[PDB]
Each structure stands twice: as structure tokens, then as C-alpha cells.
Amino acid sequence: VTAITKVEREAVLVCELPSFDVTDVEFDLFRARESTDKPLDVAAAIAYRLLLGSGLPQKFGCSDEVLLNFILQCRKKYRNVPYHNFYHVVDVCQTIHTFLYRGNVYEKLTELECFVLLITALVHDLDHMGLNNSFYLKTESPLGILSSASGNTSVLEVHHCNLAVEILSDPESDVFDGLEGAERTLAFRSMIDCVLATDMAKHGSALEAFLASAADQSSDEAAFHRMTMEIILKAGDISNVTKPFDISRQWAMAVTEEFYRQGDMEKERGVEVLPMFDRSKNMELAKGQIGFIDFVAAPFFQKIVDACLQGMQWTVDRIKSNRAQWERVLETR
């Protein structure tokens, strides 16, 4: 609940980032982290410089100090877990920026929707513990019991939304305080809709709803704009396979460690451990990444690009080149 201090803000403001272009599709967050012994300050500086460079906070009445306060209140609520940590949400922010401004998806949205998407990236996984929704339901954990008694099986995504609303309830960290009326209501409602759409159990229904709205935009522009926002946050969230191979591999190694730590905790509790969570099977990262590409990511990116996001064609080309690299790992074993 405590306010951000002047010392906390100066430690971010001093980071310079000399050799990096944070707007580039080949920006390497792993190298930016290695280039300093304060990587949490460098990650915060990347988010701050990307948002201020856009001119969007200035246009919407958000001061430089309220923006930095917001970034540092978000950083405080991420945990030291292998993948779902502050570096993941800064990476999703940076990646969404490239989709809007190098993929030209900004042409399909308002400037306010673009500002909301960059802000929502930073709140999307607040307080993640490296355990998925199925863990909380299968173990009858207290949060699983509350979800069940509530109605909603999106255990984590409702939790992330609750903490986003807490941060924004203080005017000193409220990046939407300069909005009023319909604009303020749209910022909150679109932020919450996008976070709830990141639950991978809704993946099929979110993709079908986007493709239907993209085929008939003028008959419901409100629905088309809302579904494009959901599909861009989702695209950012599964974007690791769209990156240069070595960046892609480092993310895959980090998600794999989280899956295995969940499996180990499921064994202690004597509950069912699905094979990809079982540290005892012969790991095999190339087989897992090819399966993720073939069943989830390749059909997602190819369909959204063919339906209307033509500027994002590089994502499809990189997924193909990364799949071919994983194939060669297997062919040379």
C-alpha cells in the first residue's frame, strides 16, 4: 500500500540503454538484463521510455511522475518465479508496441485503445505464483474453492484484475486519472475484458469471435474494436515463438522450469501430473515447442494475419523459421 519514494524513481531515471532500440522487432530483453547488475531498474526504464516516447500518456493527462509510480507499483507485485515475473510483462508491453506501430495495427484502433493495451500489458499477470488455474482447482486450494463458489474458473485472471484496480484506486499511480466520463469507463472495462481473455481455456472462443467480427466490421464496430484489443493482448502473451531463435529458446527454457516446479508440487499433494509437467520424462524441449507451434501458435497467427492484420506477416515467417530450427535439433540427435 506504501507510496513510491524519490530514491526508487531516480534509480530508474538514471538507466540510459545506450545500444538498444526498444521499438525494434529484434529488441533483446535478455541482453538488456545482462548489461547491468540492476536488471529490475533497466526493465522499469524500458517500460517508462516506451510509454513516454509514444506521446500517449501526455495526450491523456498522465504526468511523467504518475506513469513511473504506476510502473513501480506493478513491479512490486511480481514474484521471483522463472517465467511469469516482471520481465514477461515488460516483454508483452514492448511486443504489443511492435504489433501496433511496426505491424500498423494502430490503424484499426483509437489512440486511447493503444494507450490501454500498453498499460494492460503491465498488469496482465500481477502476483502470479508460477502455478496455473488447473493446480488451484485440482488441489481444492482456498482460491480454487472461492472460484468454484463464485462461478468463474479463471482463478488467476480475476486475481490479476483485482490487483490492477487496487493500483489505479490511488490518484498518485492512476494513469487513467486524466480521463472522465465514457473515456474513463472504456479504459477500465477494456482493460478488464483483455486480462480475462488471456485464460487459455477461452482461446478457441476468443479467436472465433475475432474472426467473425473481422469479416463484418461495420455491422458492430464496438465489438470489432474490443475483440481486436483482446486478440492483440493474447498475441503478445504467446509471442515468444515470433522472436529471433535464441530469444525464443530462453523463454521456452523458463516456461519449462515453471511447468516442472508445478509438477513436483502436484506430486507432494498426490494429485495427477500431466506428462509435460513431469520432470521425470526425458524433458525434450524441441518436441514441446513444435507441438505448441503446430496446435496453438501457427494457426492463431496465420488466421489473424489472413483475416485483417496483414502488417504482422513477419510473425508467421519467424514461427516457420523457428519450427525448422527445432526440427533440425531432432534430426541431428
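Rigid core: the largest C-alpha set superposing within 1.5 Å between the two forms. For every residue, the number given is its place in the sequence shown, counted from 1.
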Worksheet item: Comparing C-alpha positions in 9 other deposited structures of this protein against this form, with the rigid core used for the fit, which stretch differs more, 162-170 or 210-218?
Response: 210-218
Worksheet entry | Greater root mean square CA deviation, 146-154 compared with 219-227 in 9 other deposited structures of this protein, core aligned | 219-227
Fill in: Residue stretch of maximal mean CA temperature factor, 271-279 vs 35-43
271-279
Worksheet, complete the sentence: With B-factors read from the PDB entry, the higher C-alpha mean of 234-242 and 202-210 is in 202-210
Item to complete: Among the candidates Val316, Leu17, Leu309, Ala324, give the one with the maximum CA B-factor reported in the record.
Response: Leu17
Practice prompt. Specify which of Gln250, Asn162, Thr110, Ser150 carries the largest Cα B factor in the deposited PDB entry.
Written response: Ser150
Fill in: Chain-wide C-alpha B factor ranking for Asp177, given as lowest, middle or highest third
middle
Worksheet item: Is the Cα B-factor recorded for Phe86 in the lowest, middle or highest third of its chain?
Response: lowest
Item to complete: Name the third of the chain's ranked CA B-factors that contains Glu140, choosing lowest, middle or highest.
Response: highest
Worksheet item: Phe99's Cα B-factor: lowest, middle or highest third of the chain?
Response: lowest
Worksheet item: Comparing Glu157 with the other modelled residues of its chain, is its CA B-factor in the lowest, middle or highest third?
Response: lowest
